[PDB]
Structure formats: structure tokens, C-alpha cells
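Residue numbers (PDB author numbering), protein chains in the order written: chain A, 1 to 117, 124 to 237; chain B, 1 to 117, 124 to 237; chain C, 1 to 117, 124 to 237; chain D, 1 to 117, 124 to 237.
4 protein chains.
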Amino acid sequence: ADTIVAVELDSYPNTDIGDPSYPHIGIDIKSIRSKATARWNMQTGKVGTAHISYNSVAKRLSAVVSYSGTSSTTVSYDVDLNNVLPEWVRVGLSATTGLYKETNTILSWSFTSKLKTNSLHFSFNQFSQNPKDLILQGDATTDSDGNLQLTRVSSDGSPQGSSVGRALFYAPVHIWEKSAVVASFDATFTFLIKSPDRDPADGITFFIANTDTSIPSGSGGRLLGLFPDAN
Amino acid sequence: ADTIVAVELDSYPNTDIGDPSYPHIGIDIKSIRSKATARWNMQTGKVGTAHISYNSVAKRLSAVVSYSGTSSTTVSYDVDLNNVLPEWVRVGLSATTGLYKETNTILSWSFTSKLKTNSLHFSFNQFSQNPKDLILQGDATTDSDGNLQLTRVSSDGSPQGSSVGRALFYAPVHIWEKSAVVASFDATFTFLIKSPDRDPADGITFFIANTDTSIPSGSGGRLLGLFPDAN
Amino acid sequence: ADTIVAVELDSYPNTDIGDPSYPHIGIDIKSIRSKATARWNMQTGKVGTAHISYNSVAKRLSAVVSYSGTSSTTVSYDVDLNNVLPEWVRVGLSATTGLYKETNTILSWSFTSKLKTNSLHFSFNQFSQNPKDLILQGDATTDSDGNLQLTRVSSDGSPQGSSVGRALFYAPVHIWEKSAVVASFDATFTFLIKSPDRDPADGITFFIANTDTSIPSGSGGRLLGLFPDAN
Amino acid sequence: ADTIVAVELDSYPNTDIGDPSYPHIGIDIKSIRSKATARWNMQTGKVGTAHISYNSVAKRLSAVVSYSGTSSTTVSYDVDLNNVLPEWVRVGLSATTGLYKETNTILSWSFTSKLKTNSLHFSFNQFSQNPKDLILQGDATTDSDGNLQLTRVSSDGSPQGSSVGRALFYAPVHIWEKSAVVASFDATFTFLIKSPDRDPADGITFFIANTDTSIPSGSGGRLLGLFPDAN
Ligand SMILES: OC[C@H]1O[C@H](Oc2c[nH]c3ccc(Br)c(Cl)c23)[C@@H](O)[C@@H](O)[C@@H]1O
Ligand SMILES: OC[C@H]1O[C@H](Oc2c[nH]c3ccc(Br)c(Cl)c23)[C@@H](O)[C@@H](O)[C@@H]1O
Ligand SMILES: OC[C@H]1O[C@H](Oc2c[nH]c3ccc(Br)c(Cl)c23)[C@@H](O)[C@@H](O)[C@@H]1O
Ligand SMILES: OC[C@H]1O[C@H](Oc2c[nH]c3ccc(Br)c(Cl)c23)[C@@H](O)[C@@H](O)[C@@H]1O
Ligand SMILES: [Ca+2]
Ligand SMILES: [Ca+2]
Ligand SMILES: [Ca+2]
Ligand SMILES: [Ca+2]
Ligand SMILES: [Mn+2]
Ligand SMILES: [Mn+2]
Ligand SMILES: [Mn+2]
Ligand SMILES: [Mn+2]
């Protein structure tokens, strides 16, 4: 199967596959069962911001998720990613709904990777109706306001359940190379999660995988479109 | 056929299809017959640097080609590129040999595009043996020193004639959009041209084209791998 | 006196010192009497954006000023700036009021300069209460919302007349050097101009000058805090 | 006195004030007695490269120092720098000689800081004869090849003992702010250390301090121009 590293913004607690009993942000290394989590004061209807960073010297993957004036949650995990990930990757965003639902609207997304002794940076502050520099998978679409709807939304804006969708950047990324002195990446995205459900679900991830990654069978709902099971 | 905008570093004068009678840099808008040229004091065996820039407000495509301490040549052309190019493009480098030959060795290549009211930047200071973020066309390869050999070079380093090769960046680039306030791009590459021929040929280009661009039939030699004829 | 290059957003027509009879954007080379202007559909109470760019190869200073969904005005002028400006400069923003007034509120400001063969970039999306990386001149202050008020505003937000204020970046900028292949700069700022006056005044500039530049005597009002007279 | 955070490239072992018994790179938090060190295979006469990074989420200051094809040494230290440093800082490079000597030649220096919810980046690949964007302290000069000589070098290139010199960037840097979601910085410099001494000394640092920082009295030699004593 795919090799996966992800930062999950998990709005629904699936305690039966390892979630804490509350909304949380998590660092996922090849398993939906996060190696590290932090409690997420998830706000429906307000725009959030996530920042993710890593470098091969400090070897500490970190993420912070914030709502302006409201809250900020941070999670870190010490991991040598050059030991987990292949040399060439694609980076992306994923989102699911399940029994319960939410909009998983991406308003912006940027990413930088550096291979020091290669550089790649992209920034999207609007998404075009046919984004030729993105690989849209599952239900992911871009809409009339220029936003990226990772999961299905009806004509009036209502989120639908049992949705899975992902967007990967078109170009493979060279995230490590044996002659590199240091490899680093940074990622930021802003997101709007709306829901009429008392318990919204399921969440959004930023993720790095093998370049030929695709939505695994059975990855809906709590598996965030990333893993075929909860191992 | 393809839609082409290019800056050509033309080491061989083909006076019969419009070249001036000397090595020159040129700005090409949909024809190998440059809309503007400047005399190029082409230096065999020394590393050169080319800088190209454009923005949709000034509407002036410019290029400068230099050898440290030796020479610098500049050419500009006033053109609304949003009137020439499709909204989505790929960017690349091309090179040819013909009867006469030269190495067309790319040591580095960078590019930035901005869509203001989208950003894309890539930088290569070394090229890996299998560059998954590049579309290599024709004879283009990367070699053991980490350089990009656009045209065929033998085992010992000798350039071969009748070669054509191109390298495009993998991801389409969004170079204009009707809601943009301003669109801009910048490109830099460094290059080493070696030749045992008294009159080296044929040259190197940086070029922007339709995303599905490929080497046209009959584009070798003086056509720089860009055009199917000299119209 | 100072040596000045500026892009002026001139909200008040002073026809007696060379203004066209309407709000305009202008390119100023050592004189308030613009070398080039374009009609500016100036909008009171809406946030505007200005983009300015130049490179020493194309030698074309350009500016675009826009309100989202409303209007965009562009002005360009062909000028070799390395022939006007000293090698070391400071860059800044200026604004005035006079008999008539307006707020000259800077919401953001960024700038990049490149000296190719040096790089400097700064970006402000919020201004702190005591910006130690800015030289504030005249009436310029930063306020509680994190904005830069170039001209005097009363406690409730009312703009005052007979105000002059400027903000320069602290560090001198190396905008040309005789060994450079190409020198380039880019600048963006966003601005909010509010006024209860039927004819608001006087305007905002982005400007480059000798590093020891200061507000000239008698530069208020129509002189935009840049020039001691209307020569 | 000054508040100091530094990464030291310490070519001389002063075991009597806490150095390990070998050349080392070290992370210094308000004391020359490094909180963390790693053995440095210091190479005389070859160009080295140092990369330093930190972000306020991972809270891990890291540094890697390398010679191409030869060696690489890494040191990290977990520290909340927003708890050590004032909100406004200057960043710089320092170097000393003492009884023993070496050239402390800076060939390039770059730095980025980001204040997320401010950006500052500078890059020097050549240093001009009178760098107006640098505060040169002590013996620091720039020479005819465009390099930064932090410590005294004679007319022919011979390093002198009992030298101290520093170069700070002119503009204060805003490295933390109470409303920031995350603060980050990155720094790179390349350096050439030549010596006719069997045991070269004393070393080079990249350092962050109070904006009004100056060379303390008695900071020569093993104190690297940063501290007034070895507490
Ligand atoms: O969308 C949230 C969740 O909905 C389903 O799980 C349930 C949440 N509440 C329930 C109540 C009953 C059943 Br049966 C299920 Cl399967 C659930 C599944 O789709 C999960 O994958 C998902 O995490
Ligand atoms: O490589 C340089 C040139 O070589 C060929 O043209 C000639 C240059 N000198 C010649 C002499 C004879 C003939 Br026949 C040709 Cl076709 C040439 C052709 O391959 C040209 O496309 C190319 O520009
Ligand atoms: O603020 C707009 C203008 O106000 C003054 O000029 C006038 C605009 N309408 C007037 C009417 C009368 C007189 Br007297 C003046 Cl001086 C003006 C002067 O302060 C000008 O410098 C400025 O351009
Ligand atoms: O330059 C290297 C060192 O030279 C001096 O220390 C000595 C190194 N070998 C010695 C031998 C004798 C004496 Br006395 C001294 Cl003070 C030293 C002092 O200047 C030290 O600060 C410095 O670390
Ligand atoms: Ca879950
Ligand atoms: Ca030719
Ligand atoms: Ca006026
Ligand atoms: Ca020491
Ligand atoms: Mn979870
Ligand atoms: Mn030609
Ligand atoms: Mn005017
Ligand atoms: Mn030490």
C-alpha cells in the first residue's frame, strides 16, 4: 500500500481505533493511530489556520492549528522522516465525512521544500475552476468562490456524509537525497469547517506520500482517506 | 501546433531563415524568426548565465546573458503575453545540434511565477539521475556530475550532432487568469557550451508553451526543437 | 536636497502645479510633476492595493493600483533608474493632507530588491506599536489595530488637515552596483483612505531616496512630503 | 550586559572554561559554556557551510556545519527562545583570534525570520567595500574580493592574533510578538578559515542579541567576542 505521513485535524473522536475522547490534532506516521495528539478546541463556522514544519537536522515534525483570537493547539513528534518516506513524494490535502459530516473547505494552501548542500514552493490563495496543477481525487472539487471543497457539498452549501476527497500538488517533490546536507519543508493551509451536526466529522489532513498515492479502498470516514485500515 | 514564447541563445547564424550574421540572443514570439535580437559574444568553454523576466503591467519581456568578467548582452521586446499564451502553460529548456555541434549543459535552473490580486517557484542547483519533477524529451538526460545534458554527449564528453532535447517542469503553470491584477515570471539558468567545432551550433532556449507541448517533427538544428518550420 | 523616485497615488488635482484635472496615479522622477500619469477611479472607504516593479534590463518602472471588483489603473515610464538614484537608498511610504484631508492608513507593505550576477525582502501584514525596523517621520504612527497611520488621525478616527508623515525601512537598500548583471525591485502595499471631505486630499506615495532622506521644509499638502517645491 | 543566543564554530579547545577537548560546534544560551556540543572535524583551507534553524512550535534550535564531500556535524538543543531573547533583536556574525589565529572569512550570509498568524530575509553572496546595511564592529572589514573579514588579516592574507570583529545586520529583527502564532528563523553562512598555526583559533559564531549589542570588554579569544566572562 501507500506510505503515509500526515498531520490530521480530527474533528470526530473514534475512541475504538485510538482517538482521544475529544477533537484533536495528531501526527500520523504510517498509521491512523497518531503517534502524538493534542486537544483541539474545534470551532464550527470559523476560519482556521494550520502550520506544519520539519527539518532533517532537528528531526521534529510540528504542527500548530489556530483560530484568530480564540485558540491555538500545538503537537510535535520526533521522527527521522528520511527513514519513513521515499525520496520522491507528492504532498496533498485529504478530507472525509462519514455518518456525521462537515464542510472541509480549503481557502488557501502553501508549501515549501528545500534540499540543501533544490527548492519548491507553491502558494494558492484562490483555486481556479479547473486547477491543472492539482490532482483532484475522490469528491474534491473547486467551486465558484474559488475554494477547494475536499468533500461533497450540495448546491446550497450543505455538507454530505460518506464523502472522501483529496488534492495533491501535480509535481513530485524531492524531499530527501543522499548528498543533501539538510532537507526541510513547511506547509500552511486555511480551512472553513461548517456543520449542522451536533458532532461534526470527520476531519482534514495535510499529508506526504509515495508519488502514485491514491485513495485506498475502505478509507472513508475515520480513516481520513489515507489508510485502508486502522492498523 | 504548439504555441511558443522563447528566449533563444543562438550560437549559429542561419542567415537564410532570418538570423543576423553573428551569434545572438533573441526573443521569439510564435516564430523562430526573432522579433528582437542582440549580438552575443558567445564564449566556448565558459559558464554563462541567463536571466529572463516579464510582468503584465510593463508588458516587456527581457533577457540578459552574461559571462562573469567578460560580457553581457541584453534584449527586450514589448509584447502582451496574455494575448499570445494560453492561461495554463509548461515552462522548459530546449537545445539542438545539427551539422555543427556543442554541449548544451544546464548547470542550474530556476523559475518564479506570480498571479497577484498563485505563486510557483522552483530552483535546481543539481539535477538528480532520475528527475521525477521534470519531463525529459528527446535526447535530454542528467549525468553523473548532476548536470542536465539537453543534447547528446558521448561517454567521454564529446557533443554529437543531429541532437534535440528538452526538459519541462512537471507541473503546469498558471501564468494568467482573468481576475488577476498582475501576472509575472522570472527565470534564470546557467549553462556550459563546449565545442571542438570552429562554428558551434545550435543553441539553448528557455521557453513557455501549451502544457501538452512536444518536440515538433523537423525541429532539429536551427529550429532549436521549438518549431516545425521557419515561418 | 534629496534625490527622489516615487509612485504617487494622488487623490487631489492641483492643476496649477501640473496635475491632470482628476485623481491620478503618477510616476515621479525627481519632480512632483509626474513624468507619466493615469486616471485613478479613487474609491473612498474601500481598501486599495498598489504593486510597483522595475528591473534594470527592461528599464520600465510600472505601477498598478486596484480595488477588488471595482477598478484597476496602470502607469508605466521608461527610465534608467541607476542613472537617477544613488547606489544606496532607503525606501518608504509618505502621505499628506492639506486644506482638504483623508486618512492615509497603511494596512500592509512589502518590498523585495535583488542585485544579481544581494537580496532584501521585508513584509508587514501588521505594524507593531513601536516598529523598531521603521523610521517614522513627521506625524506617522502605528495604532491599536496594528495599522500604519501616515497622517494625523484624531482619537475617534477623523483625519486631520495640514498633516505630513512618512515611514522608511530601517536598513539602507543596495539597489545598484557596478558589477551587477541586473538590479530589480518590487513593492506592494494596501491602503485605506477615508474622508468626510467632498474632495479628499492629498495622497500616498511609495518612494526611494538617498538614505539620509527627511521631510523637506514646505513639502506639505500637494507636495506629498517628498519635494521642497513644485519644480 | 547583552543577552546572547549563538551557534559557535569553535576551532580551539579551551578545556578550562568548559570546551570539550577537540574542535566543536556548540549552541550557546547566555553563556560561552555551550548547552550542547558536537565534535567538529575542522578543515583548514576549505570552504565550510553552516545552516541554523529554529521555530517556536518545535522549540529546537539546530545547526549543521559541513565541508562538501568531507564531513558534516550537527548539534541541536531544546529551548524556548521567546523565553530568552527580547522581542526585538539584531542578528550578526562574530569571530576572534587570540594567542593562536586564523582567518575568519565570510563568503556569504543569509537569514530569514517569519512572524506568523512579518517577514525579513537578507542574502549576501558578495560584500561591498562599504556595506551600508551592516554594522561592522571591532576589526571586521570587507576586502577586495568582496568577502567579509571578521578578524584582522594583513596585506598579504596572513591572519593576526588578538583580533575581535563582528558584523550585524542593520535593521532590528522582530523575532517574537505576543499575538504571533509561530516565530521562525533560518540562517546560512559560508566561511573560509586559513591558518599557519598548528592549533588554529578561535572560531566564528552566528548570534542573536539585544539590538544595542556591542563587543563586551574582555571578550577576545575564547570568548568569541560575545561574552564579558566565562560564566
Ligand atoms: O463520521 C463519523 C463516523 O461515522 C461512522 O461512525 C459513527 C459515528 N456514530 C455512529 C453511530 C452508529 C454507527 Br453503526 C456508526 Cl458506524 C457511527 C463511521 O463512518 C466512521 O468512519 C466515522 O468516524
Ligand atoms: O548545426 C548548424 C546547422 O547545420 C545545418 O546547416 C548547416 C551549417 N553548415 C552547413 C553546410 C552544408 C549544409 Br548541406 C548545411 Cl544543411 C549546413 C542544419 O542542421 C541547420 O539546421 C543547423 O543550423
Ligand atoms: O489638500 C489639498 C490642497 O489644499 C491646499 O490647496 C487648496 C485646495 N483648495 C483650496 C482653496 C483655497 C486655498 Br487658499 C487652497 Cl491654498 C486650496 C494646499 O494645502 C495644497 O497643498 C493641497 O493640495
Ligand atoms: O587563541 C587561542 C587562545 O589563546 C590564549 O590562550 C592560549 C592558548 N595557548 C596558550 C598558551 C599560553 C597562554 Br599564557 C595562553 Cl593565555 C594560551 C587566549 O587568547 C585564549 O582566549 C584563546 O582561546
Ligand atoms: Ca477521528
Ligand atoms: Ca541559428
Ligand atoms: Ca495633487
Ligand atoms: Ca574555544
Ligand atoms: Mn485521530
Ligand atoms: Mn536566431
Ligand atoms: Mn499628481
Ligand atoms: Mn566552545
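The C-beta atom is built at its ideal place from N, Cα and C for all residues, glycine as well.
For residue i, which of the options has the nearest alpha-carbon?
{"i": "C:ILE32", "options": "C:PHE191, C:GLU8, C:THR73, C:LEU81", "result": "C:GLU8"}
{"i": "D:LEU156", "options": "D:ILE210, D:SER164, D:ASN124", "result": "D:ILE210"}
{"i": "C:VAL91", "options": "C:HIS180, C:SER223, C:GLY45, C:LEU198", "result": "C:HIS180"}
{"i": "D:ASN82", "options": "D:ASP149, D:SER11, D:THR147, D:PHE191", "result": "D:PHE191"}
{"i": "B:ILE199", "options": "B:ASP2, B:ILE4, B:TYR12", "result": "B:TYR12"}
{"i": "D:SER53", "options": "D:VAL170, D:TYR77, D:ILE17", "result": "D:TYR77"}
{"i": "B:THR103", "options": "B:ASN153, B:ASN14, B:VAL89", "result": "B:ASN153"}
{"i": "C:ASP80", "options": "C:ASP145, C:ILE29, C:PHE133", "result": "C:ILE29"}
{"i": "C:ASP145", "options": "C:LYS116, C:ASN131, C:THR105, C:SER68", "result": "C:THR105"}
{"i": "C:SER34", "options": "C:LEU107, C:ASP10, C:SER56, C:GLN43", "result": "C:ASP10"}
{"i": "residue 120 of chain B", "options": "B:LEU115, B:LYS116, B:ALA186, B:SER150", "result": "Here residue 120 of chain B is not present, the numbering of chain B passing from 117 to 124 in one jump."}
{"i": "B:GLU183", "options": "B:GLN166, B:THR117, B:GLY167, B:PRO234", "result": "B:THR117"}
{"i": "D:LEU229", "options": "D:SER168, D:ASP203, D:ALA186, D:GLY45", "result": "D:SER168"}
{"i": "D:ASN131", "options": "D:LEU107, D:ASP162, D:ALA189", "result": "D:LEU107"}
{"i": "C:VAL65", "options": "C:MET42, C:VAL84, C:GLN166", "result": "C:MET42"}
{"i": "B:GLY226", "options": "B:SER201, B:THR194, B:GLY171", "result": "B:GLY171"}
Helix or strand or just coil, what does DSSP make of residue i?
{"i": "C:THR15", "result": "helix"}
{"i": "B:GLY92", "result": "strand"}
{"i": "A:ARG39", "result": "strand"}
{"i": "D:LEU107", "result": "strand"}
{"i": "B:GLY48", "result": "strand"}
{"i": "D:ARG228", "result": "helix"}
{"i": "B:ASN55", "result": "strand"}
{"i": "A:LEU81", "result": "helix"}
{"i": "D:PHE128", "result": "strand"}
{"i": "D:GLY69", "result": "coil"}
{"i": "D:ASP192", "result": "strand"}
{"i": "D:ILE199", "result": "coil"}
{"i": "A:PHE133", "result": "coil"}
{"i": "D:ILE32", "result": "coil"}
{"i": "B:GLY167", "result": "coil"}
{"i": "D:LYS101", "result": "coil"}
{"i": "D:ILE214", "result": "strand"}
Assuming residue i and residue j form a contact by the criterion Cβ under 8 Å, report the distance between their Cβ atoms to the nearest whole angstrom.
{"i": "D:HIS24", "j": "D:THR37", "result": "4 Å"}
{"i": "A:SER129", "j": "B:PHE128", "result": "Contact flag wrong, Cβ pair sits at about 13 Å."}
{"i": "D:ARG60", "j": "A:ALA63", "result": "Rounded, the Cβ-Cβ distance is 14 Å, inconsistent with contact."}
{"i": "C:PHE213", "j": "C:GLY48", "result": "Actually they do not touch by this definition, with Cβ atoms about 17 Å apart."}
{"i": "B:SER201", "j": "B:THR44", "result": "5 Å"}
Any Cβ of chain E within less than 9 Å of the Cβ of residue i?
{"i": "A:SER150", "result": "As a matter of chain content, chain E is missing from the structure shown, whose protein chains are A, B, C and D."}
Inset, instruction - Output, in sequence order along the chain, the residues in the segment 49 to 81 of chain C whose CB is closer than 9 Å to any CB in chain D. - result: none
Inset, instruction - Mind the definition here: the segment 159 to 175 of chain D touches the segment 98 to 117 of chain D only if three or more C-beta pairs lie below 8 Å; say whether that holds. - result: yes
Inset, instruction - Could you please tell me which residues of the segment 216 to 229 of chain C, in chain order, have their CB closer than 8 Å to any CB of chain D? - result: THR217
Legend entry - Inter-stretch contact at 8 Å, needing at least 3 Cβ pairs: the segment 71 to 86 of chain C / the segment 219 to 228 of chain B: no
Legend entry - Short-range partners of chain A found in the segment 176 to 193 of chain B, where Cβ spacing is below 9 Å: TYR176, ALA177, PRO178, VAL179, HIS180, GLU183, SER185
Legend entry - the segment 133 to 146 of chain D: positions lying closer than 7 Å to chain C by Cβ: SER134, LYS138, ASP139
Legend entry - Three-pair Cβ contact test at 8 Å for the segment 93 to 100 of chain C versus the segment 199 to 208 of chain C: yes
Legend entry - Three CB pairs or more closer than 8 Å across the segment 134 to 148 of chain C and the segment 136 to 151 of chain D: no
Inset, instruction - Check distances from the C-beta atoms of the segment 103 to 117 of chain A to those of chain D and list, in chain order, the residues that come in under 8 Å. - result: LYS116, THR117
Legend entry - Against chain D: residues of the segment 29 to 46 of chain C by CB proximity under 7 Å: none
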